[PDB]
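Accompanying notes for the structure given below.
These numbers come from the heavy atoms of this one structure, side chains and all, not from hydrogens, waters or symmetry mates. Numbering starts at 1 and runs along the sequence shown.
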Amino acid sequence: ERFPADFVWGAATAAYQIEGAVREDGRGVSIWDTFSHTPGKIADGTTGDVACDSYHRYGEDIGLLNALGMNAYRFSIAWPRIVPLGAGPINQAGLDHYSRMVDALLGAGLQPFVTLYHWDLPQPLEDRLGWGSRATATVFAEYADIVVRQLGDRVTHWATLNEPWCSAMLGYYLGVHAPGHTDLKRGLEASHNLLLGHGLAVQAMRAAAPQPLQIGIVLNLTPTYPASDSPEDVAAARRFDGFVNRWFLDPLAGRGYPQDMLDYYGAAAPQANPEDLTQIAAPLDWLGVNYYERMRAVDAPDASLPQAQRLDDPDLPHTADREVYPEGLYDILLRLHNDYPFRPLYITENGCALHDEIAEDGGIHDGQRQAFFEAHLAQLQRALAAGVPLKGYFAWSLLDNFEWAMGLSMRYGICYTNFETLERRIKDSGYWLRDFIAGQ
Ligand SMILES: *[C@H]1O[C@H](CO)[C@@H](O)[C@H](O)[C@H]1F
């Protein structure tokens, strides 16, 4: 029934999804500015130019966090505000903005959980191949050093990357996210340079830190289940598990890249010399798990790599964009606790999208999102009972925001955002979370 008294209860955002103010105070151009302003890439013709205007309205966001009784806020720093050319001089005005925002959070009793990279690579670095270049890993570590020097007196909990699988595979292989390339070899090279950048940044941050820091990385993980016990379906499940999960977990854990996936990728695999793998396995203080969905895998030899297709389950609840399977959160946490060395663990993203509207009474009656939270929180209690060292939970998202290639049309907030007036309103699920947390 009860969570630990010191459990972290928060909500999460990312800079490009909320901030707007894309040309203000020296901000440079990111790959997502370029991508969202490319005709046809965003489903509804919107961009992050304004989004939630949280660059100006972060005080309102703090007011919402306080009204919800949260004790932490997970947000990202925009690299284009800090080093507008990607590699080059710092923009002190960008650092000062986040310094003030951190002070406002601390003044409100909210612990800042900062993500350094949540997908907004400076465009000048992409012009020089982006994550396809080792040099980008080096300059990412330089950016991490700069930020920790100025904010590390007040922020203890830092993550390097958010969801490198998305940045690499959606951005460079499937082309659905920025920068929009469609090449497997580039995607796999990007995955390696993201991990290398992570490892270099961890070392740089520890050297630059004014106090001991708690440094993690945030991974999206998908528990995978074979559709049947046939050799073909089991192998498809293992391949998909390798494609999403083990490709990142194993090198972070000092186990190299998984051999079965190296064999499967063949010549497309990156050239990983042992010096890189040692750097990638820099010791971490925590791991963040982003969980939305499972994969029930059926062999699909004709389909594209990794030749595994999802078997939809029509009996399970579905949201606006995903299947709901709360038990998969328990499964993946038990697997991490038993099979991998990372601890403690935080749930750094969990939430759902719905076709939310403001009702006649003024509220947003998002019962499915309340049920979503209730079901996933119950699975966390089961995991804690099994001894999983879970230390906090972050709802995705504090407010409806710019949802990448879906634009403003996919609402994940516990607070509703009117994108015309920028008013925020707490949804019913947000009041449920408030009251649940207060009971803890
Ligand atoms: C986790 O997934 C949500 C929903 O797709 C995104 O909005 C976040 O940026 C991502 F980190």
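- Within the 4.5 Å cutoff, side-chain heavy atoms of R382 are placed close to those of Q379.
- Here the straight-line distance linking atom OG1 of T348 with atom CD of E163 works out to 8.0 Å at 0.5 Å rounding.
- Across every non-hydrogen atom of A104 and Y58, the tightest pair is CB-CE1, 4.3 Å.
- Looking at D120, its side chain never comes within 3.5 Å of a backbone N or O of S30 through a donor-acceptor pair.
- Across every non-hydrogen atom of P124 and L85, the tightest pair is CB-O, 3.5 Å.
- Checked by atom type and distance alone, the side chain of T115 never pairs as donor or acceptor with a backbone atom of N162 at under 3.5 Å.
- A donor-acceptor pair under 3.5 Å is absent between the side-chain atoms of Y143 and the main chain of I90, judged by distance alone.
- Considering every non-hydrogen atom in both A21 and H56, the closest pair reads CB-CE1, 3.9 Å.
- Checking side-chain atoms of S36 against main-chain N and O of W32 turns up a donor-acceptor pair under 3.5 Å.
- Residue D260 forms a side chain to side chain donor-acceptor pair (under 3.5 Å) with just one option from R246, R238, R239, and that option is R246.
- The heavy-atom pair separating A168 from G187 by the smallest distance is CB-O, 3.5 Å.
- Counted within 6.0 Å of NZ on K391, heavy atoms from surrounding residues, nucleotides or ligands total 12 or fewer; the atom is thus considered open.
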### Task
Please report the C-alpha distance between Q381 and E1 in whole Å, then the side-chain angles of each, then the deciding distance to 0.1 Å, and finally whether the side-chain hydrogen bond (donor to acceptor under 3.5 Å, both in side chains) criterion is met.
CA-CA 7 Å; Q381 274 292 336; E1 343 180 11; over 6 Å; no
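- A donor-acceptor pair under 3.5 Å links the side-chain atoms of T224 to the main chain of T222, judged by distance alone.
- When every heavy atom of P179 is checked against every heavy atom of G171, the shortest pair comes out as CD-O, 3.4 Å.
- Inspection of the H192 and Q271 side chains reveals no N or O donor paired with an N or O acceptor under 3.5 Å.
- Relative to the ring axis of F240, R296 does not place its NZ or CZ within 45° and under 6.0 Å from the centre.
- Shown here is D229, whose CG atom has no more than 12 heavy atoms of other residues, nucleotides or ligands within 6.0 Å.
- Centroid-to-centroid, the aromatic rings of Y16 and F402 come within less than 6.0 Å.
- Interatomic distance, CG of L433 versus CG of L377, reported as 7.0 Å (0.5 Å rounding).
- In this structure, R81 forms a cation-pi arrangement with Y55, its terminal cationic atom sitting closer than 6.0 Å to the ring centre and no more than 45° off the ring axis.
- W79 places a side-chain N or O within 3.5 Å of a backbone atom of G86 that can act as its donor or acceptor partner.
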#### Entry: Residues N71, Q111; criterion side-chain hydrogen bond (donor to acceptor under 3.5 Å, both in side chains); working and verdict
CA-CA 6 Å; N71 63 27; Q111 180 175 356; over 6 Å; no
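- Ring geometry for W119 against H177 counts as tilted: the plane angle lies between 30° and 60°, on a 0 to 90° scale.
- Looking only at atom types and distance, the side chain of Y98 has no donor-acceptor partner in the side chain of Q150 under 3.5 Å away.
- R154 and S99 share a donor-acceptor pair across their side chains, judged by distance under 3.5 Å alone.
- Figure legend: cation-pi geometry between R294 and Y325, with NZ or CZ positioned under 6.0 Å from the six-membered ring centre and within 45° of its axis.
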### Task
For the pair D321 and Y412, evaluate side-chain hydrogen bond (donor to acceptor under 3.5 Å, both in side chains) and give the outcome as yes or no after the intermediate values.
CA-CA 10 Å; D321 61 349; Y412 274 94; 2.5 Å; yes
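- Pairs of residues two or more places apart, or lying in two chains, that qualify as salt bridge (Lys or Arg N to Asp or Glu O under 4.0 Å) and include a residue from residues 263-290 are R134-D276, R206-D285.
- The aromatic ring centroids of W396 and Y292 lie 6.0 Å or more from each other.
- Within the 3.5 Å criterion, the main-chain N or O of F372 finds a donor-acceptor partner in the side chain of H376.
- For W247 and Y257, the gap between ring centers is short of 6.0 Å.
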### Query
After noting the C-alpha distance and the side-chain angles of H181 and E126, does the key distance pass the side-chain hydrogen bond (donor to acceptor under 3.5 Å, both in side chains) rule?
CA-CA 11 Å; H181 298 300; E126 178 59 30; 3.0 Å; yes
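- Taking CD1 from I332 and CD from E327, the interatomic distance works out to 14.0 Å, rounded to the nearest 0.5 Å.
- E19 and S54 share no donor-acceptor pair across their side chains, judged by distance under 3.5 Å alone.
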#### Entry: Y291 and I347: CA distance, side-chain angles, deciding distance, side-chain contact (heavy atoms from CB on, under 4.5 Å) verdict
CA-CA 8 Å; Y291 177 78; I347 304 305; 5.5 Å; no
### Message
Between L249 and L219, is the side-chain contact (heavy atoms from CB on, under 4.5 Å) condition met? List the steps.
### Response
CA-CA 9 Å; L249 288 167; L219 299 179; 3.7 Å; yes
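- With a 6.0 Å cutoff to the six-membered ring centre and a 45° limit on the axis angle, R74 does not count as a cation-pi contact of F113.
- Minimum interatomic distance between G197 and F140 (heavy atoms only, all atoms of both residues): O-CD2, 3.5 Å.
- Between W131 and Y117, the distance from one ring center to the other falls under 6.0 angstrom.
- A centroid separation of 6.0 Å or more is found between the aromatic rings of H198 and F248.
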### Message
Does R149 form a salt bridge (charged side-chain N to carboxylate O under 4.0 Å, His left out) with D145? I'd like the steps, not just the answer.
### Response
CA-CA 6 Å; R149 280 181 197 282; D145 174 304; 2.6 Å; yes
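- With hydrogens and angles ignored, the 3.5 Å screen pairs a side-chain donor or acceptor of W286 with a backbone N or O of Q214.
- Proximity of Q307 to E232: side-chain heavy atoms (C-beta onward) are nowhere separated by under 4.5 Å.
- Under the 6.0 Å cut-off for aromatic ring centres, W9 and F394 do not qualify, their centroids lying 6.0 Å or more apart.
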